[PDB]
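Single chain ahead, written as structure tokens, the form solved without the ligand.
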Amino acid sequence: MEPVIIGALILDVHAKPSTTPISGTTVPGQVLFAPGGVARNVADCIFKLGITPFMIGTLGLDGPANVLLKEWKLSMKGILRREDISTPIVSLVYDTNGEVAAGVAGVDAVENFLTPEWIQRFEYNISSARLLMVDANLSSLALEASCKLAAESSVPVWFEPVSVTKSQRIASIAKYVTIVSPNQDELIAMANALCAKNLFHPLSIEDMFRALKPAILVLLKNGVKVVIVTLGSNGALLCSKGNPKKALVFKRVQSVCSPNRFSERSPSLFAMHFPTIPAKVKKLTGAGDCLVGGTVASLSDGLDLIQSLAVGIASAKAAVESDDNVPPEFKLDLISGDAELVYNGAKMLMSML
């Protein structure tokens, strides 16, 4: 009952300049190819954590596809390859921060060729899936087809907003979505999209949460059960409608991250903050994807959402310390240790909605 991952397979071009990038000319630095795309990264992360995912995507019969598939050890029956299709490419120019200064995509092969027609071939896989994860690179039509299959079989759906623009695609599928994982810009865009108007616009944790609470409520009322807001270096917010456990390799995590840790019996809005762990950043790209991958893998292994999120945040830290979007391997003892640190450090927010 493998988790099913649907979305983009992208060849990433990462340009980290030695000095500050200046207009009108090139500056010295390093430029690397990295296997990318939210869905590909999530699948890769889940696999390296010891769970086999099923990948549904589309690739070309070109050079970039041959880079992405060189060391691909998962099934490829879910991957649509034809010659008319041009493999998606994202080109990023970083700053010295490790943040993106300028990026271009690059990815309309996904919206045009990862169709409902292709996804419906795998109705059994989605139906029997432990979890369905879709990224917003999919078209509204593909997202509808995907999410309606999982809902039919009562399979929980994870929607990754990918960007501010593409996050608005939550609008037509919100009912079917169980979990979303936006940052604070994407959360705002999603809230605006469901509100049909531009009602929301993009410090301490209780300030940030109080500022995002109206936007979070919008998503919850539109049928989303769990909203995970990634706050980068100040961790993540886990917000859910009802008890977070009721909303939906790792027996180490189950041991040390006790499910009996949190005494709190079913609120309309549940909120708690997860801290992140200090890390030696080489590239922040892929951090969010590994959070999702780490979380899905744990949920797929029978852990609850609170335990799974800690694993996700652990995986995110490992990812920023690599020059890949997803690290070449995961060290389980490191993953478990970091997860416990995050888990034990998780605190609850907020007595009347």
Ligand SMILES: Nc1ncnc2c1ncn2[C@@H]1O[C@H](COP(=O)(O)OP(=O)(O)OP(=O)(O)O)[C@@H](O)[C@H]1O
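Start at 1 and count along the sequence shown; that's the residue number. Only residues modelled in both forms are compared. If you superpose the two forms and keep the largest set of C-alpha atoms that fall within 1.5 Å, you have the rigid core.
In terms of unmodelled positions of the deposited sequence, the stretch from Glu264 to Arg265 in this entry skips 4 to 9 residues.
Going from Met350 to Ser351, you skip over 1 to 3 residues of the deposited sequence that the entry leaves unmodelled. Looking at 64-72 and 48-56 together, the entry lists the larger mean B-factor for 64-72, computed on C-alpha atoms. 275-283 and 181-189 differ in mean CA B-factor, and the higher of the two is recorded for 275-283.
Sorting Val157, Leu203, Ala136, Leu238 by the CA temperature factor given in the entry leaves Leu203 at the top. Of the candidates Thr96, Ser167, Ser146, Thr230, the PDB record gives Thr96 the highest C-alpha temperature factor. Among the modelled residues of its chain, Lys213 has a C-alpha B-factor that falls in the middle third, as given in the PDB entry.
In the deposited entry, the Cα temperature factor of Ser322 places it in the highest third of its chain's modelled residues. Among all modelled residues in this chain, the alpha-carbon of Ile10 has a temperature factor (C-alpha) in the lowest third. For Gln120, the recorded CA temperature factor ranks within the middle third of the chain's modelled residues. In the deposited entry, the Cα temperature factor of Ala109 places it in the lowest third of its chain's modelled residues.
As for the form deposited with the ligand bound, it is not shown, yet the points below apply to it.
The stretch in contact with the ligand in the entry with it bound, judged by heavy atoms within 4.5 Å, is 234-242, chosen from 193-201, 71-79, 217-225, 234-242. Within this chain, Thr276 lines the site of the ligand in the entry with it bound, having a heavy atom no more than 4.5 Å away. Proximity of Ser139 to the ligand in the entry with it bound falls outside the 4.5 Å heavy atom cutoff. Interface membership of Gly288, defined by any non-hydrogen atom within 4.5 Å of the ligand in the entry with it bound, is confirmed. Although the partner is absent here, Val281 is a contact residue: one of its heavy atoms lies within 4.5 angstroms of the ligand in the entry with it bound. With the partner omitted from this view, the residue of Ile51, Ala65, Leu303, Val320 that lies near the ligand in the entry with it bound is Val320 [heavy atom within 4.5 Å]. When you look in the entry with it bound, the only residue of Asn125, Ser86, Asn183, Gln168 with a non-hydrogen atom within 4.5 Å of the ligand is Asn183. The putative spot formed by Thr230, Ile313 and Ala316 is fully lined by the ligand in the entry with it bound; each residue has a non-hydrogen atom within 4.5 angstroms of it.
In sequence order, the runs of three or more residues whose C-alphas all shift by 2 angstroms or more between the shown form and the other one, with the rigid core superposed, are 15-30, 92-104, 245-248.
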